Amino acid sequence: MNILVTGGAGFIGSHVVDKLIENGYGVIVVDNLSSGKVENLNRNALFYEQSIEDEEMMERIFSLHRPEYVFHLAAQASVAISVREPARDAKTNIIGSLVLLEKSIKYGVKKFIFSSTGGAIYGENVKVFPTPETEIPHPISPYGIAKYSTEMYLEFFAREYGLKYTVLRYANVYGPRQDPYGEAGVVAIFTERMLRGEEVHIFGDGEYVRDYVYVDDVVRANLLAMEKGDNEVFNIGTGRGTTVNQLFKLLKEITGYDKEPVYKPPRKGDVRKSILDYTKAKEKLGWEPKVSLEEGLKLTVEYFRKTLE
Amino acid sequence: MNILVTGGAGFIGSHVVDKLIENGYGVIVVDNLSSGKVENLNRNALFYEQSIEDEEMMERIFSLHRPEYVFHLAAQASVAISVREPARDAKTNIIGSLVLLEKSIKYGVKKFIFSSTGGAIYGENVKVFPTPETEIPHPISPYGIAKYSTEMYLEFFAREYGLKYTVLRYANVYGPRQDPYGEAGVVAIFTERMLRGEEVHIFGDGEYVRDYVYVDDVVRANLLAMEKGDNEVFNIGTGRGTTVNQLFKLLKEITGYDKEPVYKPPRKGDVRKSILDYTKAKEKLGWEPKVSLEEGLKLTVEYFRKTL
Ligand SMILES: NC(=O)c1ccc[n+]([C@@H]2O[C@H](COP(=O)([O-])OP(=O)(O)OC[C@H]3O[C@@H](n4cnc5c(N)ncnc54)[C@H](O)[C@@H]3O)[C@@H](O)[C@H]2O)c1
Ligand SMILES: NC(=O)c1ccc[n+]([C@@H]2O[C@H](COP(=O)([O-])OP(=O)(O)OC[C@H]3O[C@@H](n4cnc5c(N)ncnc54)[C@H](O)[C@@H]3O)[C@@H](O)[C@H]2O)c1
Ligand SMILES: O=c1ccn([C@@H]2O[C@H](COP(=O)(O)OP(=O)(O)O[C@H]3O[C@H](CO)[C@@H](O)[C@H](O)[C@H]3O)[C@@H](O)[C@H]2O)c(=O)[nH]1
Ligand SMILES: O=c1ccn([C@@H]2O[C@H](COP(=O)(O)OP(=O)(O)O[C@H]3O[C@H](CO)[C@@H](O)[C@H](O)[C@H]3O)[C@@H](O)[C@H]2O)c(=O)[nH]1
């Protein structure tokens with residue numbers, strides 16, 4: 001069976017590729033290496049260094065390999081970049097998705113499994129925590145609007161053509177291969193700076209709450225979505241909130257870092273609190289996180305240590 | 001004062017241009033003539049035959065003319081077509097809007113007035129009519145999804161840069177210069193068929209209810225949104241529902257058409273009923289329709305007779 005993984009050279013996508021390869025699937029990867037890395041690629045997967053919004057190239061790849069599933073992880077994944085360049089962001093995030101969906105219909109894809117976002121979708125005025133999928137989306141960033149627009153297009157493709165899909169709205173994903181450089185998640189930034197004994201910055205008062213979910217658990221969610229959760233949207237998170245202050249403390253203890261954090265002005269656009277309810281994923285996908293935050297942070301620090309040897 | 005009107009060679013946009021010119025504004029028009037027509041263009045406007053999604057070209061236009069207001073009417077504005085090539089549709093409908101908004105932010109535009117849609121945004125299970133802006137959006141067509149995505153981006157630009165905007169969600173717009181040969185626009189199709197004595201087709205049972213709003217009234221709402229209704233979404237419609245069968249009868253009486261309609265199979269995706277509550281526009285824009293349907297249909301027939 002052939003499987004297409006877009007964004008397979010990236011943080012989450014490369015782990016998805018590895019797992020599919022391990023389970024015996026034929027895997028085809030599309031990635032333009034805008035943020036992904038050649039080192040992340042699996043030598044057993046077929047690789048196309050190409051862009052998802054390239055209609056002729058996507059036409060060619062789908063016609064050759066007729067993937068039965070598409071795992072769509074390719075995205076402009078930085079919120080800050082989406083703010084600075086919203087048209088370019090939407091070209092990858094919306095138009096890119098629509099090209100893949102057009103080819104998926106044309107070439108008989110059975111199911112499209114889309115990586116979406118929990119944090120950038122529910123908006124800034126949520127009152128129910130942990131937050132369920134029944135909360136109406138109010139995205140405020142271009143990234144969140146693009147992800148939400150694409151989820152709506154998925155429902156269109158299901159209604160019009162009978163394409164099955166699953167949307168996975170991730171919380172804050174962290175772990176090995178997350179890039180600590182550029183537009184990085186705080187786990188990777190903190191871990192790398194602490195190991196190097198560099199200064200660590202906390203924005204605003206550090207009381208921002210997030211739901212940190214380990215990359216291996218997110219990969220398992222993707223695989224469970226192959227045969228379950230048809231035409232459903234799921235939060236993929238832990239339902240546990242952690243402030244940036246608490247996170248710094250955990251990582252400081254693990255790394256043996258011995259400096260205080262430097263408090264900096266608050267970051268524009270930061271939602272105050274994000275925690276996801278995963279009851280639905282538990283009931284319909286049989287999904288639950290297996291790696292606690294403390295276990296996950298230790299694994300993460302361990303991977304980064306090896307990079308520094 | 002300079003004003004940019006995108007889609008200014010189209011049905012609604014050409015009338016907006018006319019009204020601005022009449023009121024003494026300098027008007028720049030951007031239209032790629034994908035569905036618009038040179039014959040619609042006001043010769044007093046400065047015309048760029050260019051595409052809104054062209055960043056380099058929009059850079060030049062905004063940099064040169066520094067428009068104070070943008071009336072954004074350019075769209076792949078037809079619901080069929082959006083279904084078969086949604087990526088191409090979203091390139092005009094979403095990416096195009098985003099390019100205009102980036103340039104708007106960069107070159108100090110004061111207000112952006114966006115043409116959106118009522119019907120295709122509220123979706124197919126509405127229970128309250130006439131329908132207020134508080135009704136939760138559930139667009140299921142690529143056209144409605146794209147329009148709604150753009151509305152959401154407009155709020156981002158307002159929050160991030162202080163750009164002021166107004167969204168006008170039109171009902172079913174009809175009147176002079178609506179193209180009777182395109183995908184849609186039942187009023188223009190019926191009028192052209194009837195005046196030519198050709199067959200007239202009613203899809204399904206003809207009991208589909210729409211809210212027909214005259215183009216000159218839609219133009220007045222655009223102009224009222226220059227100074228009022230900052231950062232608000234408004235339904236622009238009449239609050240009155242008309243079946244296709246009723247529309248047929250009205251236009252048959254006006255044209256003197258002497259045939260019965262030919263019924264065809266129902267058209268896939270047609271919502272059963274769309275009627276918009278315009279109370280919010282009435283209060284905040286001071287807007288109301290000045291042209292009743294009967295009066296507007298007569299003006300439309302009047303115009304079509306002259307034009308073919
Ligand atoms: N905490 C998180 O990391 C998080 C949270 C919520 C959602 N997500 C989503 O999960 C997916 C993967 O995220 P990630 O953390 O691994 O980021 P990532 O940057 O590491 O992976 C994205 C990959 O997509 C590639 N890419 C970007 N544009 C492309 C294009 N036009 N054509 C082909 N490839 C392109 C990049 O090169 C990159 O390898 C994304 O959809 C992202 O939005 C991630
Ligand atoms: N007519 C209605 O009943 C109705 C109802 C709801 C919303 N609207 C909206 O009002 C606006 C105008 O509608 P209309 O009836 O006048 O349609 P229209 O097709 O006559 O006008 C659209 C104009 O935009 C131009 N255009 C399309 N793509 C372009 C691009 N990429 N770059 C530059 N120009 C481009 C077309 O050439 C055309 O002249 C649209 O946004 C439409 O979606 C119309
Ligand atoms: O050096 C740093 C970096 C981050 N933060 C704080 O850490 C928190 C989390 O930031 P970040 O790691 O950037 O996560 P989010 O901004 O929440 O982004 C998450 O949410 C995005 C939008 O939902 C996802 O989709 C992203 O991939 C995901 O990492 C925020 O409060 C930041 O203020 C710091 O204090 N110091
Ligand atoms: O020959 C025809 C043509 C249309 N209809 C019917 O007329 C009604 C109105 O159709 P149409 O004129 O195509 O408009 P709509 O489909 O309602 O709606 C669109 O009107 C504009 C396009 O014409 C869109 O952009 C607006 O968003 C949306 O209101 C529908 O019930 C059709 O079934 C007929 O019966 N016979």
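Just so you know, ligand 1 is whichever comes first in the structure, and atom 1 is the first atom listed for that ligand. A, B, ... follow the sequence lines: proteins, then strands. Residue 1 opens every chain.
Which parts of ligand 1 touch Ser34(A) is read off a 4.0 Å heavy-atom cut-off, strictly below it: atoms 26 (N), 27 (C), 28 (N), 36 (C), 37 (O). Applying the 4.0 Å criterion to heavy atoms of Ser116(A) picks out, from ligand 1, the atoms 6 (C), 7 (C). Short contacts between ligand 1 and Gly36(A), defined as distances under 4.0 Å to a heavy atom of the residue, involve ligand atoms 36 (C), 37 (O), 38 (C), 39 (O). Listed by atom number, the atoms of ligand 1 under 4.0 Å from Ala171(A) heavy atoms are 1 (N), 5 (C), 6 (C). Within ligand 3, the atoms closer than 4.0 Å to a non-hydrogen atom of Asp270(A) are 30 (C), 31 (O), 32 (C), 33 (O), numbered from 1 in the order shown.
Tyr174(A) does not count as a contact of ligand 3, since none of its heavy atoms falls under 4.0 Å from the ligand. Contact annotation: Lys91(A) has no heavy atom less than 4.0 Å from any atom of ligand 1. Within the structure, ligand 4 has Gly185(B) among the residues with a heavy atom less than 4.0 angstrom away. Heavy-atom separations between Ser51(A) and ligand 1 include at least one value shorter than 4.0 Å.
For the residues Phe71(A), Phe114(A), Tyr143(A), the heavy atom positioned nearest atom 42 (C) of ligand 1 is part of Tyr143(A). Considering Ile52(A), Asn32(A), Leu41(A) only, the shortest heavy-atom separation from atom 26 (N) of ligand 1 involves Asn32(A). Residue nearest to atom 37 (O) of ligand 1, selected from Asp31(A), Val30(A), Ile236(A): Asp31(A) (by heavy-atom distance).
Atom 17 (O) of ligand 3 has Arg210(A) NE, 3.0 Å as its closest protein atom, hydrogens excluded (heavy atom only). For atom 15 (P) of ligand 3, the nearest protein heavy atom (residue, atom name, distance) is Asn172(A) ND2, 3.8 Å. Closest to atom 6 (C) of ligand 4, if we only count protein heavy atoms, is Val244(B) CG2, 3.9 Å. Atom 21 (C) of ligand 3 has as its closest protein heavy atom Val79(A) CG2, 3.9 Å. Residue, atom and distance of the protein heavy atom nearest to atom 41 (O) of ligand 1 are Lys147(A) NZ, 2.8 Å. Nearest non-hydrogen protein atom to atom 9 (C) of ligand 4 is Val186(B) CG1, 3.9 Å. Among all protein heavy atoms, the one lying closest to atom 36 (N) of ligand 3 is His201(A) O, 2.9 Å.
The side chain to side chain contact (heavy atoms under 4.5 Å, CB included) test with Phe11(B) singles out one residue from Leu73(B), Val215(B), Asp179(B), and that residue is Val215(B).
Between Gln178(A) and ligand 1, a contact under 3.5 Å exists for no N or O pair. Residue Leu73(A) places at least one N or O, backbone or side chain, under 3.5 Å from an N or O of ligand 1. Residue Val173(A) has at least one N or O atom closer than 3.5 Å to an N or O atom of ligand 1. On a distance-only criterion, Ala77(A) and ligand 1 share no N/O pair closer than 3.5 Å. Distances between N or O atoms of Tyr170(A) and those of ligand 1 include no value under 3.5 Å.
Using a 4.0 Å threshold on non-hydrogen atoms, atom 26 (C) of ligand 3 does not count as touching the protein. Protein heavy atoms are found inside the 4.0 Å sphere centred on atom 2 (C) of ligand 4.
Of the heavy atoms in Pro266(B), none comes closer than 4.0 Å to ligand 4. Only the side chain of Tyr208(B) comes within 4.0 Å of ligand 4, judged by heavy-atom distances. Contacts with ligand 4 closer than 4.0 Å are made by no heavy atom of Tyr170(B), backbone or side chain. For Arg267(B), every heavy-atom contact with ligand 4 shorter than 4.0 Å involves the side chain, none the backbone. With a 4.0 Å heavy-atom cut-off, ligand 4 is reached by no atom of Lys264(B).
In this structure, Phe114(A) has its ring center at least 6.0 angstrom away from the ring center of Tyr165(A). The distance between the ring centers of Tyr122(A) and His138(A) does not fall below 6.0 angstrom.
For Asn245(B) (side chain) and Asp205(B) (main-chain N/O), a donor-acceptor pair under 3.5 Å exists by modelled atom type.
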